[PDB]
Amino acid sequence: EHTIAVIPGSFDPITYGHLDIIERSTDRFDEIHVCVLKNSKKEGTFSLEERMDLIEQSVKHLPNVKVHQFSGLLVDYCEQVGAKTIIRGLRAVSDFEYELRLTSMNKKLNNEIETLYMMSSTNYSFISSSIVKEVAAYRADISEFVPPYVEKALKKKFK
Amino acid sequence: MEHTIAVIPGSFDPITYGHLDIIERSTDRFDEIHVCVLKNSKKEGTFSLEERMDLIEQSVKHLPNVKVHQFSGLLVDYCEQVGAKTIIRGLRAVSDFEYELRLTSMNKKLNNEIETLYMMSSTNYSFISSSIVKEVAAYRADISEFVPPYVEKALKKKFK
Amino acid sequence: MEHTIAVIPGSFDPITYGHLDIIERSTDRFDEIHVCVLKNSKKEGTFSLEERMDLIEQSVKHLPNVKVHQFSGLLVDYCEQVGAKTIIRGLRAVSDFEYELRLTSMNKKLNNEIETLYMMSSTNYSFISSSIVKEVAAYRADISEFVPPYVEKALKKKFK
Amino acid sequence: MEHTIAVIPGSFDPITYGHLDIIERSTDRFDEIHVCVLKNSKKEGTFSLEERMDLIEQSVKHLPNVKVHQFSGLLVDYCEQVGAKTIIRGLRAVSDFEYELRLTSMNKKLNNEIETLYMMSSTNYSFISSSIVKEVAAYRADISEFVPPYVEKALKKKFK
Amino acid sequence: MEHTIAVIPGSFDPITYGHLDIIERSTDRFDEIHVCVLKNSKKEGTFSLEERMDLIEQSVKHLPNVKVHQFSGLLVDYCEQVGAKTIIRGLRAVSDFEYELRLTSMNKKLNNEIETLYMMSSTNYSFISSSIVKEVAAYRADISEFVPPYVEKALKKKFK
Amino acid sequence: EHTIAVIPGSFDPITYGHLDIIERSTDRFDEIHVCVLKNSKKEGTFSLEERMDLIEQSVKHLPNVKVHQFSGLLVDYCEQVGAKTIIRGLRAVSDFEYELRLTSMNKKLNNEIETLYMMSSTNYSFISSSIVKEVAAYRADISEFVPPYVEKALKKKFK
Ligand SMILES: CCc1cc(-c2nc(O)c(C(N)=O)c(=O)[nH]2)nc([C@H]2CCCC[C@@H]2C(=O)NCc2ccc(Cl)c(Cl)c2)n1
Ligand SMILES: CCc1cc(-c2nc(O)c(C(N)=O)c(=O)[nH]2)nc([C@H]2CCCC[C@@H]2C(=O)NCc2ccc(Cl)c(Cl)c2)n1
Ligand SMILES: Nc1ncnc2c1ncn2[C@@H]1O[C@H](COP(=O)(O)OP(=O)(O)OP(O)(O)=S)[C@@H](O)[C@H]1O
Ligand SMILES: Nc1ncnc2c1ncn2[C@@H]1O[C@H](COP(=O)(O)OP(=O)(O)OP(O)(O)=S)[C@@H](O)[C@H]1O
Ligand SMILES: Nc1ncnc2c1ncn2[C@@H]1O[C@H](COP(=O)(O)OP(=O)(O)OP(O)(O)=S)[C@@H](O)[C@H]1O
Ligand SMILES: Nc1ncnc2c1ncn2[C@@H]1O[C@H](COP(=O)(O)OP(=O)(O)OP(O)(O)=S)[C@@H](O)[C@H]1O
Ligand SMILES: Nc1ncnc2c1ncn2[C@@H]1O[C@H](COP(=O)(O)OP(=O)(O)OP(O)(O)=S)[C@@H](O)[C@H]1O
Ligand SMILES: Nc1ncnc2c1ncn2[C@@H]1O[C@H](COP(=O)(O)OP(=O)(O)OP(O)(O)=S)[C@@H](O)[C@H]1O
């Protein structure tokens, strides 16, 4: 736990897109911290507690990953726990631009943390929590987009 | 070559001449066209379902092969329940393109027998959306160029 | 060469140094600058119209020729009535570009006698936005880099 | 519903599975497909016109209704002369989008009776291009994933 | 307010109506306009320097305040040697926007007293560039809509 | 030298944009390898040898950086020397798209290397070797864009 990397998100719910990025980070750091965003406030569809648990179960095959939640600022978290790096994924141009502005502000707020970006794998580049929820609501097959324990909590939620 | 149905889905809240262009450019290529309004979505907007359909029925009068439908669930299931192999959508801008890439990639996982075909917006309609046409009508400016006469009366009346 | 008036529209909720940067790059180019705020947007921000106007006023009193007004109709009509022949907007990013390409296309059809001039944002304010600033303020961090002293004291008041 | 002919233009230097993917998604939609290659482009590729035509020919002989031709004038004129009312192109990325928006704008002014239909590339061929393939081939790596056996043997011949 | 010069730089190889639009929309805002053709650049293209200037001089006859110049070195130094505080450029598409962001950021390091102002291309000219207008003239199609009569003769003649 | 990261480029010539990215990587890996691209063939303006030397001198204040040159494929290099990560910078949307397609192909060619991306600092986001060469040719001031030893080799080259 000399190096620690943080992978932030709402994860509402975690998907195989998220998972890929976490899997492709596990062997490059001593520790991974998947940080879940609190309130904040933003409506639906899984509470904090459920989102954490879903994440915990999709990553239990990965010893160096831990799951936490923060209120404050993502850089304050990183500083709190000794993390020098933040990891995020880029699917698209829109991801890229949104990310440039957030990473700019993060650099001003603390110069000592870097954000490093990985491209989505091509299998997972159209996957959002939003679009998975959309298709789940109409009872479609989601087994290719989300881990099994998440598949269940969606079916459970959407009838 | 066989019987061919193509589906042109959307909110149509309300239909505009930008939408209609894509529909006229598709009639001479399939035997049937289903303009399909995917409501229940609530997630609702400014005209109700029946008025939206009504507005479409009116503006596509001059095209025999165009039916106006509604559907609730998944588009690909609509296509499949009626035997369409083809979804037709328009492209105006880079924002459209990315959003549609994601939708079509998903639609392809769900049912690989449906192809999505894209047409480029004419130059004259590239900037037009339902949204901005409603912003403009809300302040009573001239919308005659953006929508057909019958949609124009309904917007005047809605924002009177 | 007549008396030139330019208008700089926006919601300014709140004004930031990136809006200011644009305003300070516009003062010398025109006889009058009108910073124009949006009224009865029937859409709430963090600060009331009157607050927002007050904050601009103190953030611009150091300049010679800038006046803060509100409008509830169309931009091009405000322009029409005060005799403004130019609108000035700032471009930070590609998403700005496309959003703005559509509005000025519409603004040219509505009134083709107003031009919209765009300037690129300065490198050091590229990433600023009212939103990102309010976000940082809510977590009670140092926003001295991003807004004027008067705006900074009013954001600290807001977010405890 | 007349005899439909569609044209799939390009330089194909060489044809790759991403061009093929588009062609195989077009076979069933039209009576005839014309894969059209660029002649007297007074602009050299890695393979001569005749080589390029040969490689397409072997890469498409498994399909029912696809014919390989060359043209040295305008695309819309080739279309005009063979009675093709449609052009088919593949969209991989945002830079494709913009480049293509300009060409089809021009193609619509030149001849407004031809439509251009675009399809999104499959996820697994999004990143392919003749160039990236020639690059990988020059370093003599496994290109079996990216082009047909016939193209692969001809790229190995090229680059030792 | 003072004496004002604005510079509208470019290749103009050849000038088109897309270029001219940006120039007409700028004449009623500064006292002088210098269309400035930044050649020596070799890196040369299809009309020589004197013919490019010639083509511009002709097409801007109907605007008193427009001078046509040449310059070799840096644009910002040209601006400075003649006392222009303003560079005017057009925007058509997202490719333009990024390229111009980089240029303007550099120009701002080099001389912060020169402002670059951007105008959006009209809808009708959004797809037009010198390049495509030359592609089209090369195959003898109708270019009457893209360039003024005198530029049209020179292109007919160049690609006869 | 348990972890090694490779930072590829033509570096014709190295700039303060490149340097930033190399500086912001030095403390996250045991070793940095700045790899210079050979022929390949592409005209002007500095030969391989000069580009390497310029790089060597701009980074000699950074002990864990080394400078090499490769002919073959970038993934073959990484595999040759035990490097699991490739680092590149993103300035813009155009960088992003060009990069997505290259990183896709790299993943096919070797799944065991990741490319990680950092955003240009805002000071350096309009800087290319091309635009620096352009302005240098007209004798303008470049001291804010390139290191001192590079400033000289440009002035020397462009009179
Ligand atoms: C790079 C990941 C990221 C993501 C987001 C981000 N923050 C939201 O609050 C929503 C949201 N719910 O709307 C959302 O969509 N993205 N916000 C940020 C920061 C951007 C600059 C200001 C400070 C931001 C910051 O740090 N904000 C608190 C925070 C976020 C995430 C986590 Cl894990 C924690 Cl612990 C704190 N960087
Ligand atoms: C991510 C950095 C990068 C950059 C480039 C790249 N390669 C050029 O050859 C030019 C060029 N000169 O045109 C150029 O602009 N970019 N090429 C690649 C690879 C893309 C996919 C095919 C294999 C490529 C590959 O590995 N190609 C050889 C190579 C490049 C760079 C170095 Cl250091 C080495 Cl050692 C080998 N990835
Ligand atoms: N399919 C994916 N592949 C790679 N990265 C992803 C993928 N989906 C999300 N990410 C990234 O993982 C991080 C956490 O994303 P979230 O904020 O949880 O939401 P999201 O699922 O990307 O988008 P929404 O809000 O559902 S539309 C972000 O940096 C995303 O860009
Ligand atoms: N002006 C236009 N030109 C060409 N196609 C369009 C135009 N406007 C809409 N379309 C397309 O017609 C289909 C139905 O669109 P809708 O889902 O009704 O959304 P929209 O009106 O384009 O966007 P908003 O939300 O008002 S900004 C989509 O493929 C649209 O992209
Ligand atoms: N940091 C900036 N630099 C340059 N221009 C800006 C900046 N911020 C806002 N502007 C421009 O000023 C005008 C008014 O913007 P507003 O609508 O008040 O704020 P905004 O850009 O919507 O902020 P958000 O919603 O937080 S992303 C528009 O032309 C903006 O692009
Ligand atoms: N991998 C692909 N997937 C989908 N469409 C493609 C693919 N590659 C090429 N195309 C399309 O097929 C048509 C002909 O392309 P060409 O000009 O032959 O190749 P290209 O796309 O220019 O390749 P380059 O120059 O190496 S990037 C165009 O519509 C391309 O976008
Ligand atoms: N159709 C157009 N509408 C508005 N502005 C344009 C148009 N075409 C060119 N301009 C602008 O006029 C200025 C001079 O452009 P040039 O450097 O001559 O390049 P160009 O002809 O736009 O591009 P190419 O290389 O032919 S694709 C630039 O700011 C251009 O962006
Ligand atoms: N100013 C910069 N800031 C951050 N990264 C950069 C910067 N300039 C270049 N890079 C990156 O460093 C790597 C090496 O770039 P090069 O291929 O050497 O050329 P370049 O200088 O980006 O572009 P050209 O060819 O000069 S237009 C690439 O991944 C670039 O995207």
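Structure method, as recorded: X-ray crystallography, 2.3 Å.
Even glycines carry a Cβ here, placed using N, Cα and C.
Here Swiss-Prot flags E:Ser11, E:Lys43, E:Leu75, E:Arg89 as substrate binding site. The ATP binding site annotation in Swiss-Prot covers E:11-12, E:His19, E:90-92, E:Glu100, E:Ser121, E:125-131.
Using a 10 Å Cα-Cα cut-off from E:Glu100 (ATP binding site), none of the binding-site residues among E:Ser11, E:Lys43, E:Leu75 qualify.
Neighbour density around each Cβ, counted as other Cβ atoms within 10 Å, peaks among the binding-site residues E:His19, E:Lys43, E:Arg89 at E:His19.
Secondary structure at E:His19 (ATP binding site), taken from DSSP and collapsed to helix, strand or coil, is helix. The binding-site residues recorded for this entry are E:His19, E:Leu91, E:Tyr125, E:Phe127, E:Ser129, and the Cα of E:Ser129 lies nearest to that of E:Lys43 (substrate binding site). Taken residue by residue with DSSP, E:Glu100 (ATP binding site) is part of a helix. The binding-site residues near ligand 7, defined by a Cβ under 6 Å from one of its atoms, are E:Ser11, E:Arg89, E:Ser129, chosen from E:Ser11, E:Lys43, E:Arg89, E:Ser129. In this structure the C-alpha atoms belonging to E:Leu75 (substrate binding site) and E:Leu91 (ATP binding site) are separated by 18 Å. Using a Cβ-Cβ cut-off of under 8 Å to chain B, the binding-site residues E:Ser11, E:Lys43, E:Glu100, E:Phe127, E:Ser129, E:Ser131 reduce to E:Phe127.
Annotation note: E:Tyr125 (ATP binding site) sits in a helical segment as assigned by DSSP. E:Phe127 (ATP binding site) and E:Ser11 (substrate binding site) have their C-alpha atoms 17 Å apart, to the nearest angstrom. Within the same chain, residues at least six positions away from E:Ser129 (ATP binding site) with a Cβ under 8 Å of its Cβ are E:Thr16, E:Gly18, E:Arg92. Looking only at other Cβ atoms within 10 Å, the busiest spot among the binding-site residues E:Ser11, E:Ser131 turns out to be E:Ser11. Among the binding-site residues E:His19, E:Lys43, E:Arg89, E:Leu91, E:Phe127, E:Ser129, no residue is identified whose Cβ is positioned under 6 Å from ligand 3.
Those binding-site residues from E:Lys43, E:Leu75, E:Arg89, E:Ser129 lying by chain A, with Cβ under 8 Å from one of its Cβ atoms: none. E:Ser11 (substrate binding site) is 17 Å away from E:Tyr125 (ATP binding site) when you measure Cα to Cα.
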